[PDB]
Amino acid sequence: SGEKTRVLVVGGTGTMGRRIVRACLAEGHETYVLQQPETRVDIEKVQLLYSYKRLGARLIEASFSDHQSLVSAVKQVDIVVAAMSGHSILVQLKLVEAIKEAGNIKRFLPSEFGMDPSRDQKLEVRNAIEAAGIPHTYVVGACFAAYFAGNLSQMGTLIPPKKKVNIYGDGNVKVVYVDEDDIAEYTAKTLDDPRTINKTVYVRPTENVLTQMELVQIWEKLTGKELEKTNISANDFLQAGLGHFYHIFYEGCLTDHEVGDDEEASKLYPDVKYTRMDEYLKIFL
Amino acid sequence: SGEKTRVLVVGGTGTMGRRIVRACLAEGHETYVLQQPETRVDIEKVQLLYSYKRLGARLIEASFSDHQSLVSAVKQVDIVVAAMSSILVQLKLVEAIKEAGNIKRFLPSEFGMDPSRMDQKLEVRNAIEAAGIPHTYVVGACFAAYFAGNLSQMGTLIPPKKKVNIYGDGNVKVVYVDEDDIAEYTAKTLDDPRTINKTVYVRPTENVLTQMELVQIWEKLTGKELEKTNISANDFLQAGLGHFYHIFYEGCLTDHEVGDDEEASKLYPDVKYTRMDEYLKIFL
Ligand SMILES: NC(=O)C1=CN([C@@H]2O[C@H](COP(=O)(O)OP(=O)(O)OC[C@H]3O[C@@H](n4cnc5c(N)ncnc54)[C@H](OP(=O)(O)O)[C@@H]3O)[C@@H](O)[C@H]2O)C=CC1
Ligand SMILES: NC(=O)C1=CN([C@@H]2O[C@H](COP(=O)(O)OP(=O)(O)OC[C@H]3O[C@@H](n4cnc5c(N)ncnc54)[C@H](OP(=O)(O)O)[C@@H]3O)[C@@H](O)[C@H]2O)C=CC1
Ligand SMILES: COc1cc(C[C@H](CO)[C@@H](CO)Cc2ccc(O)c(OC)c2)ccc1O
Ligand SMILES: COc1cc(C[C@H](CO)[C@@H](CO)Cc2ccc(O)c(OC)c2)ccc1O
């Protein structure tokens with residue numbers, strides 16, 4: 001009843017935000033969603049937002065250009081999660097100023113969910129959070145399945161190729177492919193977890209640590225068709241986004257440091273039966 | 001098992017199309033959704049399409065610029081429903097339907113004002129009828145999301161807080177319909193022998209309301225009256241504003257009777273269509 005953590009989700013109509021909204025409701029949190037003036041005959045945003053009320057969330061109107069309305073919104077919750085487009089990341093600095101003036105917020109989870117930026121606008125938001133003394137949790141370390149697994153890490157499409165695939169290097173660099181729904185559930189589980197206050201939580205579910213070639217081979221075993229592979233060397237991979245890609249697939253930046261059980265999502269929350277990539281890929285068959 | 005009508009939905013990731021996909025699934029039709037290539041780069045579209053598979057729909061890949069893929073798609077079904085916007089894109093669909101020869105009925109992208117009073121939809125209708133393709137035209141409603149939830153105010157989709165523009169005297173009857181009900185009516189009519197080669201008017205009786213009636217439904221829900229500013233026809237100097245003028249000044253959705261044999265809520269009385277007082281509650 002009154003036991004619930006009250007969470008405000010900022011960016012709740014986004015790809016990752018909507019998942020976090022639902023994950024927070026499904027965890028049992030009293031879930032609030034920031035409603036931005038953005039009606040501009042955006043029928044998708046509107047109906048998504050109001051679909052949340054049917055599930056029991058509440059909407060809080062505020063505007064990022066109206067400092068006191070952000071202050072007013074965060075004063076109604078205990079915890080703030082932001083999941084902005086990732087100019088949107090730096091918009092969170094206004095959010096930090098409001099949390100700081102509000103004084104009531106117990107934890108802020110900024111818009112991370114990807115490459116650890118501590119190896120740039122995400123770092124600027126971390127520094128602001130830590131400067132203001134706002135307790136935080138940084139959720140990092142995953143490749144979104146929809147942008148990297150469903151297309152077999154090909155670019156410019158979101159579904160499996162039918163005949164041919166580009167392999168980056170030899171495709172033996174380890175990558176972390178995670179269904180975005182699992183990222184959202186780990187986020188909902190960790191945001192009031194005392195174990196993860198002021199920590200980085202790595203989302204590295206063990207069985208989803210895979211090379212690209214391992215991901216491709218999962219697909220070939222599902223379809224029973226060998227794809228024609230073309231290996232692309234680091235140098236042929238001669239704008240920033242291709243740079244993100246190079247750090248993941250050529251430098252192994254998601255897997256090159258081990259992580260402890262006290263800081264890895266699937267060990268912290270072993271009850272989350274995360275989606276393996278053979279299961280994830282079946283929907284495309 | 002296999003006594004189900006097979007239906008292909010074109011435009012399945014759009015506002016109406018997605019509703020029609022689900023309504024066909026809910027009606028028990030073996031449901032197919034056209035999967036177009038430019039879908040591949042849009043994660044909203046992709047998650048939508050593939051979520052249909054989890055509900056039991058199949059996807060058919062085809063492209064409008066590839067006649068043979070259209071032909072191959074329509075040979076897998078018995079009925080085709082299109083819900084676009086690109087209205088003229090349906091011409092390619094018609095030639096495909098024509099060549100395949102197996103389609104028992106085509107429902108083109110209508111779901112608004114009957115164009116045959118009022119253009120690109122008429123061109124499509126001419127092509128449908130010139131090819132001898134049996135048809136059903138679903139018309140006659142204002143989408144509740146675009147006209148009811150905003151109390152028919154413009155530039156917003158949610159109820160206003162204080163002011164509201166009343167058009168004329170707000171005494172002209174308009175037809176406000178939950179898009180879900182339009183879709184279910186479509187799903188129910190598409191294989192119904194009474195509606196072959198007919199126009200079906202979606203005009204549920206309790207939802208024939210003047211704008212002022214709609215506003216008063218909201219005031220009874222909030223307990224607050226709003227500031228009303230009336231706008232004369234002439235101040236009503238966008239071709240969406242023309243649509244609006246026809247609806248709220250000329251009353252073009254309601255200036256003509258429709259018979260029970262051609263009105264969806266009489267044809268399909270088990271559809272408990274959403275009344276506007278229920279529809280607006282979500283905004284309280
Ligand atoms: N492979 C991976 O690991 C992936 C990780 N990410 C990361 O996840 C996080 C969320 O990314 P993503 O889901 O793609 O973001 P989205 O593009 O889906 O946007 C989500 C929300 O951001 C808000 N937003 C966007 N632009 C603005 C703006 N100018 N002003 C105010 N609000 C804005 C909106 O809030 P509202 O809903 O209220 O309208 C929107 O709903 C990011 O940190 C991103 O880097 C993203 C890609 C894949
Ligand atoms: N007040 C009212 O009653 C309203 C009436 N309508 C009517 O409803 C019907 C459907 O409209 P609506 O659901 O709002 O449409 P949308 O704007 O939601 O678009 C629907 C789908 O049409 C496809 N599409 C759009 N452009 C193209 C194109 N150039 N080529 C190929 N496909 C395209 C796409 O299908 P895909 O998923 O396959 O990519 C798109 O997702 C129309 O006849 C319209 O006049 C619409 C608005 C309100
Ligand atoms: C994994 O870690 C991160 C991942 C991201 C998302 C990246 C970059 O934006 C995605 C696009 O969103 C790349 C991509 C993938 C497939 C595609 O077909 C594609 O076409 C252009 C682009 C951001 C930050 C991260 O830390
Ligand atoms: C009922 O008759 C029809 C109705 C439509 C929908 C029309 C567009 O054409 C809607 C937008 O899609 C107009 C609109 C609505 C609300 C708004 O806040 C708005 O911003 C100003 C503009 C289509 C075809 C029809 O036959």
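Here are a few things to note about the model shown:
- Each listed q (0.18, 0.20 Å⁻¹) maps to a log10 I(q)/I(0) for region B:167-284, found by the Debye formula over equal Cα scatterers with no solvent: -1.04, -1.17.
- Separation between Cα centres of region A:261-285 and region A:188-224, rounded to whole Å: 6
- For A:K45, the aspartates and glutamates whose Cα falls under 20 Å of its own Cα, not counting residues fewer than eight places away in the same chain, are A:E61, A:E180, A:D181, B:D42, B:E44, B:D178, B:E179, B:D180.
- Theoretical FRET efficiency, 1/(1+(r/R0)^6), r = Cβ-Cβ of B:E38 and A:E228, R0 30 Å, to 0.05: 0.80
- Dividing the alpha-carbon radius of gyration of region A:34-119 by the rule-of-thumb value 2.2 N^0.38 Å gives 1.16.
- Extreme residue, positive dipole direction of the protein assembly as shown, given options B:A131, B:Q47, A:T31 (C-beta unit charges): A:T31
- Cross-link partners of B:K188 among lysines (Cα-Cα below 16 Å; sequence separation of 8 or more within a chain): B:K4, B:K104, B:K198, B:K266, B:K272
- Taking every Cα-Cα distance in chain A and sorting them into 10 Å bins starting at zero, the pair-distance distribution P(r) comes out as 6, 28, 33, 23, 9, 1 percent.
- Distance from the Cα centroid of region B:41-78 to that of region A:126-187 is 27 Å (rounded to whole angstrom).
- Cα-based equivalent ellipsoid, the protein assembly as shown: semi-axes from gyration tensor eigenvalues, Å: 44, 34, 19
- Spin-label pair A:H257/B:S116, simplified geometry with 7 Å Cα→Cβ offset, distance in nm: 7.0
- The Cα atoms of region B:125-222 give a gyration tensor whose axes a ≥ b ≥ c have a/c of 1.5 or more with a/b greater than b/c, which makes the shape prolate.
FYI, it's all coordinate maths here, none of it is from the lab. Don't worry about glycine lacking a Cβ; one is built from the backbone with ideal geometry, like all the others, and counts go over all protein chains shown.
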